[PDB]
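Participant: One structure, as structure tokens, below. Some questions next.
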Amino acid sequence: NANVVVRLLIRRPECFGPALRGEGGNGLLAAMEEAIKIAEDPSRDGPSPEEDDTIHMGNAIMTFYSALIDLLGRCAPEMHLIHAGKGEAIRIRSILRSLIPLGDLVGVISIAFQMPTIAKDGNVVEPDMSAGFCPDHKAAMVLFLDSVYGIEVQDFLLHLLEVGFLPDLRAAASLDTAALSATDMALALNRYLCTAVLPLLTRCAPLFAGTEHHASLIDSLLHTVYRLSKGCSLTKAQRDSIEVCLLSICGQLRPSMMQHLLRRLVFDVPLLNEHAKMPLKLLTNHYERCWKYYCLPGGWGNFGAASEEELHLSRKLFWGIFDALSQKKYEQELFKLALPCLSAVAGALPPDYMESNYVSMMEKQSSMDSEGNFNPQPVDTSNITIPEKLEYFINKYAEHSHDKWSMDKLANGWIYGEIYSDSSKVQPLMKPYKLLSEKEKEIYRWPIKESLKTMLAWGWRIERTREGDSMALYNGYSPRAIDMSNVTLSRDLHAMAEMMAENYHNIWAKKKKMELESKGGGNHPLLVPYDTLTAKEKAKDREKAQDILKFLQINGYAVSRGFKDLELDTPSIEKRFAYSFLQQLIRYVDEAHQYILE
Amino acid sequence: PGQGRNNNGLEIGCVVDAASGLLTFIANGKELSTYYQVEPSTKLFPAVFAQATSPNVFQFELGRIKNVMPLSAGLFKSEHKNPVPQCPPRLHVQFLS
Amino acid sequence: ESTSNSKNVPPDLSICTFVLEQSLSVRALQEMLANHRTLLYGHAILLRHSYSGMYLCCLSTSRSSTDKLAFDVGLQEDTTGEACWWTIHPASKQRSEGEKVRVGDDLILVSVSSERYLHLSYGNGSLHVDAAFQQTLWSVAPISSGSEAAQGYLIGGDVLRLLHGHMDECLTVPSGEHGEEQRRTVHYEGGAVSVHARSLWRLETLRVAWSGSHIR
Amino acid sequence: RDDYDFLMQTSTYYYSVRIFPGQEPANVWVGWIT
Amino acid sequence: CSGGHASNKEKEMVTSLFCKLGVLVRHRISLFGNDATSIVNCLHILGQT
């Protein structure tokens, strides 16, 4: 039947509509974009002389194209026939592949949605689907892409995640309030995801094995899927689909790529609520698979060992789950699932794991919270005071930033600012930084003040080297570029740069959240944790932090965290995880003995 | 003198007067204090000992300065009297291994 | 190549001539791929270019002449695969599948590899031949048959040398001088021009059909 | 400007090593070996 | 070679735990019900350790 229908359709190619018919017809992506524009335009969407008489021709076009693509995808041959190499099946697949380019499908999947929003008086503004772009239209694109083209290469899988799937997963995790989660777009996005996207990722899980260079994207995927799972208004089938996708991906991820996911689970698994079952199974599977990554000091070979941060997080998992289970009453399924988690974590943790006395100051537990999961709390810089010795670096970096700004303006093409020419848009005045008025010092100086005060508040030493900076301090516009692209930071420098970028994101998120609350709605995609952000969104904060650190390093001001361990704190009689575990085990056994005595 | 290395990267020029066996070094157009006096018939291989702190590390620039032959003239007998710098395929970068 | 303008511009049939190698049935061809005769409607034929020796096929790559759905028809060396085989079908209702294909009948050719018709496209300023979904009627005209009477007996399309005497001189044009203007002169020359290519001439009849027949 | 007679008759050879910006010169040694 | 050795106090605690589990299991398998297999298996593994 599929072969007959495909042959009839190709014999009569006018069945594909104005698009896809060739001879000047634009592509599927262009047709869908034009349909969206028509739906926006009242003149063509309606007649202009319950659905009732209204047709919403834009939605009609979208539905027609989605139905055609769905029919072709269902007419695509099956993988067993393809592997057998039967000529008719190969020919049909090639015909469909020629008819529909892959770029069209990827673009239609990348097309964004309209989101329900909150308006003043706290009411819900929900765009109508009968006159708009629906997730079903992309559920057909996914079906065709899987049936005809298929995803069997890691690069294409990751690209499609970052362009088409991850924005929608984030967009459905953002609609997790009581008012929005029960609306239409959330309810359709949940169906679309849990029936098309998540099963596709589950089937393509083995392609997630060697994604060590896309951590910023896989972390976003994991966090958004976990938030979707935590969300409400999900049916049992949707929850099961989320669970199987998350387990399948986490079972192929490298041990070091689930650090932030574990850091999020340490706050939810101890609660031992109904939601704490899929995390409780993720922990079991992860610590049964990657136990060598934690136990053996050598590691797992290619993957290495833990950084003591993952070890501390695992110890916190074990103790929190243990204490919470001790306090909790008996539930059959919860106690059937918790014990394997405890056993796996205990096996993963080395017995002689001594607790890290070096507890890093100001860990970002305040960046998130309970039931909010995102509280932007920047580090206070008002009470801290600037050092008197860093003014030279202030002036140098302000001048360098102004020079880069002037170079960007010259690339834009604006001419030298001899006079204030706003009519010709030569208004920035483009002068040497010395000649810039002292009133305009702040626009370049103040971000540097914020960055230095944040680094000071984090208890960091910006220490100046006598052997590197003494000769430096002794020693109409021609801007000079301090080309720091080749300047490379160290590993700890990268860690501090990432911390500062996260702080910048927290500042921006707090300001934008205050503005959003003032406006009474309009959620922004970027009001999500820095860990949940993707690399292309973290790029500008990361570049700012790296630029500041690179300028400090070039000028010679070495930035160091600069905390020393007061003492080694060996206590093999006190600090060992095995010692604490045995102490509590003996205590519990003695308590049980006393209870049985009475 | 500490600079930003923005007009150009560090350009250390090595000069060998083979008639006198004298080795001199130029930092940024000024002769450095360090110098060497090698024995007659000594064969000196141009070399760089570098620890990688950047993707791009350095360049063996086989050019010349005022009143000095390039390295290719010394290396190749056919180009002994040719002041034009050259990098024939025989000259390549070897590394200790 | 245009042929209606023969009186004004002679066509080049040496590159238009094709040979029908095999006429296996659809099922037999499918089985053989999985591993003389009169052409009948519905069979898959193999067409070999007489000059190049290659085979007519539906190339996977397409220059996309504003159609975005039609493949390009060209030549390939390998006869293996389903790209070089074309199923022949009747164009009108008076003929059906399995009937013996007549000389003057119009045929419809369908590529086995892609199920696209051998189609004539007007999209460009010139006219293009490409494997599209719109059917185009093709008329198969015979050039030569299986007779090939003897080794001599000049036939149309033959390449030969016009000997003047008893293998004494050959009709040719000046070539060694390397000049386009003076390569147009015609003269009898003796020597190694008898084995050089400078003295080769092709007989082209003034008729399209049966152009490879015996010369009278 | 270099004088041609001295240029041809000299036995002095030059090469240069450009350490790129962003690479610490303290970790780079330039010279000759046997 | 990779993992370190348990401390002397660690092994003391292991022996104490084994002894306490033995004292618990003495004459109370019926009161433990179907868990008596679990307690005796714990005693088994501790005795090896």
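FYI, nothing fancy with the structure tokens labels: chains A, B, ... in order, residues from 1 per chain, ligands from 1 as they appear.
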Return as a count of residues only the full set of residues in range 26-60 of chain C whose backbone-based DSSP assignment is helix (DSSP H, G or I).
Facilitator: 9
Participant: Do me a favour and pick out the residues of chain A within 10 Å of chain E, using only C-alpha atoms, as a compact mmCIF listing (two decimals) with C-alpha atoms, in the first residue's frame.
Facilitator:
```txt
# COMPACT_ATOMS: atom_id res chain seq x y z
CA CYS A 295 36.56 3.51 44.26
CA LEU A 296 39.89 2.78 42.59
CA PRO A 297 42.46 5.58 42.96
CA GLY A 298 43.72 4.89 39.44
CA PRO A 350 36.46 4.22 48.91
CA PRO A 351 36.47 3.11 52.56
CA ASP A 352 39.46 5.33 53.40
CA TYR A 353 37.86 8.44 51.88
CA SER A 572 42.12 7.62 60.23
CA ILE A 573 40.26 7.06 63.52
CA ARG A 576 37.22 8.01 57.30
CA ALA A 578 34.27 3.67 56.62
CA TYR A 579 34.89 4.74 60.22
CA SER A 580 31.72 6.85 60.33
CA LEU A 582 30.93 1.49 61.13
CA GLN A 583 30.22 3.81 64.06
CA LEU A 585 26.18 0.66 62.10
CA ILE A 586 27.33 -0.38 65.58
CA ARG A 587 25.09 2.29 67.13
CA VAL A 589 22.80 -2.60 66.07
CA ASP A 590 23.12 -1.70 69.77
CA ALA A 592 18.17 -2.80 67.98
CA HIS A 593 19.58 -5.03 70.72
CA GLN A 594 18.20 -2.74 73.43
CA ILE A 596 14.65 -6.38 71.48
CA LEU A 597 15.64 -6.56 75.17
```
Participant: I need the contact residues of chain A against chain B, so if you could list those with any atom within 7 Å, counting only C-alpha atoms, and return them as a VMD selection string, that would help.
Facilitator: chain A and resid 471 to 472 481 to 483 486 to 488
Participant: To one decimal in Å, tell me the separation between CA of residue 446 in chain A and CA of residue 376 in chain A.
Facilitator: 21.0 Å
Participant: Can you list, as a PyMOL selection string, every residue of range 294-482 of chain A that DSSP puts in strand (DSSP E or B)?
Facilitator: chain A and resi 354+421+426+461-463
Participant: Enumerate, in order of chain and increasing residue number, the residues of chain D with an atom no farther than 10 Å from chain A, each with its shortest atom pair and distance in Å to one decimal, counting only C-alpha atoms, as CSV.
Facilitator:
```
residue,atom,partner,partner_atom,distance
D:20,CA,A:486,CA,7.9
D:21,CA,A:486,CA,6.4
D:22,CA,A:487,CA,3.7
D:23,CA,A:487,CA,6.6
D:24,CA,A:487,CA,8.8
```
Participant: Taking only C-alpha atoms into account and nothing else, which residues of chain A lie no more than 6 Å away from chain C? Please answer as a PyMOL selection string.
Facilitator: chain A and resi 11+22-23+91
Participant: Residues near residue 56 in chain C, anyone? I mean within 9 Å using only C-alpha atoms, not counting same-chain ones fewer than 4 positions away, as a PyMOL selection string.
Facilitator: chain C and resi 18+46-49+73-76+83-86
Participant: One number please: CA of residue 405 in chain A to CA of residue 437 in chain A, in Å, one decimal.
Facilitator: 16.1 Å
Participant: Using only C-alpha atoms, determine which residues lie at most 12 Å from range 4-9 of chain D, disregarding the query and same-chain residues fewer than 4 positions distant; provide the list as a ChimeraX atom specification.
Facilitator: /B:19,64-70,73,79-84 /D:13
Participant: For CA of residue 389 in chain A and CA of residue 463 in chain A, quote the distance in Å rounded to one decimal.
Facilitator: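 CA of residue 463 in chain A lies 10.2 Å from CA of residue 389 in chain A.
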Participant: Kindly provide, as a ChimeraX atom specification, the residues of chain D having any atom no farther than 6 Å from an atom of chain B, counting only C-alpha atoms.
Facilitator: /D:2,7,11-21,23,27-34
Participant: Identify, on the basis of only C-alpha atoms, every residue whose closest approach to residue 24 in chain C does not exceed 12 Å; exclude the query and any residue fewer than 3 positions from it along the same chain; express the result as number ranges by chain.
Facilitator: C: 20-21, 27-33, 37-46, 85-88
